[PDB]
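Chemist: Using only what follows, build the 3D model:
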Amino acid sequence: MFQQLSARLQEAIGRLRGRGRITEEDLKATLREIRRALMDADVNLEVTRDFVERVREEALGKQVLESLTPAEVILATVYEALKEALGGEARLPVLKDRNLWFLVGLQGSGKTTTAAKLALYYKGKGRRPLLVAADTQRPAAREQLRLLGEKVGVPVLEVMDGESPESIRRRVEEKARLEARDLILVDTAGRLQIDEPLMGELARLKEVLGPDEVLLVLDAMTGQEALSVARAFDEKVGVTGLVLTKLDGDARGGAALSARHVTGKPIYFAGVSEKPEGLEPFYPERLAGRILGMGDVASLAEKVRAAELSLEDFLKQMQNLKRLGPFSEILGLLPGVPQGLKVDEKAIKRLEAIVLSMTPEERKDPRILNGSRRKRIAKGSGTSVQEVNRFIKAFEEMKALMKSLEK
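Modeler: Numbering: from 1, shown residues only. See below for the structure:
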């Protein structure tokens, strides 16, 4: 699981194996080693920060510097550390006599699939699920859920072209009553970007339908970008939990390890394969062990492994720079004011958002951008037509510089 981070925590735990009692200066290195592993895995900072500190702390209190098997103490420690960062105990939305959940996320995060696989899971534990295809614009989207429901053996209510939230409220809560369905899984609409109109319609649908839980589905392969999307949706709809998919395709895990601290919401289910049974209830203890090598199962990749710019890129390089701390020394040459921290966390999020509301094609070539677009983008994101146009120019220029310095 998370091969990079996994391999590295192990090299570190391992080097202490068979050495006998170690010295403090040895433990001080093992801690650095771990800190590196997390920082290179994109694990958030106060998370990495706290991870290490919780280790050094729990370790000493376990008589590390005086134990005969120091290695097995770091292992027991790094384990509980991971457990914590991942939520501690396995949680699962609490059930009732009547349940109505919302399934929100971007298009291509496995939302529609999850709906079905989630319906299938609970059916297997008694509940009488009802799936609702709530995208009033895309008939093709609804049809996909329809067939997924036929396969898992669950009923499906398809809304209608242009149906109003109140009409749906009725139709839905009427069919679940008559047919005795205690778990309603509503697959909202999903697109490749965050756009105001829909995020507004979704907000309203919630207001009207009154969901008991709102599960946000995030593709783990998208790294940090997943944590920005979490922010977009809680900020505008209200998420009650997470579902991390394509979790077997993430090599870092920085997103999953930081999701709890950064978003505050828990992880309920996580996909660990593309098999239907692949969507299993998330357990921190399991993921913890696996990361450290216990009870893990090799993944398709883990097996194959044992045998010009882009706006997306630009944003990321800034993200990676901020993370490498301040460059006091490089700034020691230029008499420019110390602490070029005009780049405060909050100033990057404005950009992280600008990109999120941009069309996928517009990110490939911001040039195509016209005025009517920036207007749009600026609205969806929560910024000014200026910040947007500015941000873009900053890119265009860096693109040309980046390009020139090649020839």
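Chemist: Tell me if residue 184 really is in a strand.
Modeler: Yes - checked against DSSP: H, G, I helix; E, B strand; the rest coil, residue 184 lies within a strand.
Chemist: That one touches residue 176, doesn't it?
Modeler: Yes - using C-beta atoms under 8 Å, residue 184 is in contact with residue 176, at 5.6 Å. To be clear about C-beta, it is placed using only N, CA and C from the backbone, and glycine gets the same treatment.
Chemist: and for the two, which residues touch both?
Modeler: residue 130 (C-beta atoms under 8 Å, 6 or more residues apart in numbering).
Chemist: Please enumerate the helices of the stretch 301-407 of the chain.
Modeler: 311-323, 345-356, 360-364, 371-381, 385-404 (DSSP state H, counting those that start in this stretch).
Chemist: now do the stretch 51-200 of the chain
Modeler: Using DSSP H, counting those that start in this stretch, helices in the stretch 51-200 of the chain cover 70-85, 111-123, 139-152, 165-178, 196-209.
Chemist: quick one, which of those helices is nearest to residue 355?
Modeler: helix 196-209 (15.3 Å; C-beta to C-beta).
Chemist: That closest one versus helix 371-381: what angle between them?
Modeler: Interaxial angle, helix 196-209 versus helix 371-381 (axes from the mean of the first three to the mean of the last three C-alpha atoms, to 10 degrees): 30 degrees.
Chemist: switch to numbering from 813
Modeler: From this message on, residue numbering opens at 813, which makes the last subject helix 1008-1021.
Chemist: roughly how far out does helix 1008-1021 sit from the chain middle?
Modeler: 22 Å (C-alpha atoms, centre = their mean, to the nearest Å).
Chemist: circling back: of the helices of the stretch 1113-1219 of the chain, which is nearest residue 1144?
Modeler: Closest among the helices of the stretch 1113-1219 of the chain, using C-beta to C-beta: helix 1123-1135, at 17.1 Å.
Chemist: List the buried residues for the closest one?
Modeler: Using 16 or more other C-beta atoms under 10 Å as the test for burial, helix 1123-1135 gives 1123, 1126-1128, 1130-1131.
Chemist: Stretch 1012-1021 now?
Modeler: Counting neighbours by 16+ other C-beta under 10 Å, stretch 1012-1021 gives 1013-1014, 1017-1018, 1021 as buried.
Chemist: what do you get for stretch 1039-1049?
Modeler: Going by 16+ other C-beta under 10 Å, stretch 1039-1049 has these buried residues: 1039-1046, 1049.
Chemist: tally of neighbours for residue 1211?
Modeler: 18 (other C-beta atoms under 10 Å).
Chemist: Break this structure down into its domains, please.
Modeler: 813-901+1095-1119, 902-1094, 1120-1219 (curated CATH domains).
Chemist: which of those domains is buried the deepest?
Modeler: domain 902-1094 (a mean of 19; mean count of other C-beta atoms under 10 Å).
Chemist: start to end distance for that one?
Modeler: 6 Å (C-alpha to C-alpha, to the nearest Å).
Chemist: and it, how far from the chain's centre?
Modeler: 14 Å.
Chemist: do the same with stretch 1193-1208
Modeler: The answer for stretch 1193-1208 is 25 Å, by C-alpha atoms, centre = their mean.
Chemist: Please enumerate the strands of the stretch 1013-1162 of the chain.
Modeler: All strands of the stretch 1013-1162 of the chain, identified by DSSP state E, counting those that start in this stretch, fall at 1025-1031, 1053-1057, 1079-1083, 1091-1093.
Chemist: Tell me which of these sits nearest to residue 882.
Modeler: Among those, strand 1079-1083 sits nearest to residue 882 (C-beta to C-beta), with 31.8 Å.
Chemist: correct me, but residue 1071 touches residue 1042?
Modeler: Yes - in this structure, residue 1071 is within contact of residue 1042 by C-beta under 8 Å, at 7.4 Å.
Chemist: what do the two both touch?
Modeler: What both residue 1071 and residue 1042 touch, as defined by C-beta under 8 Å, 6+ apart, is the set 1054, 1077.
Chemist: For residue 1173, list the residues it contacts.
Modeler: residue 1180.
Chemist: From residue 919, how far out is it?
Modeler: 14 Å (C-beta to C-beta, to the nearest Å).
Chemist: And for residue 947?
Modeler: Counting by C-beta to C-beta - residue 947 and residue 919 are separated by 10 Å.
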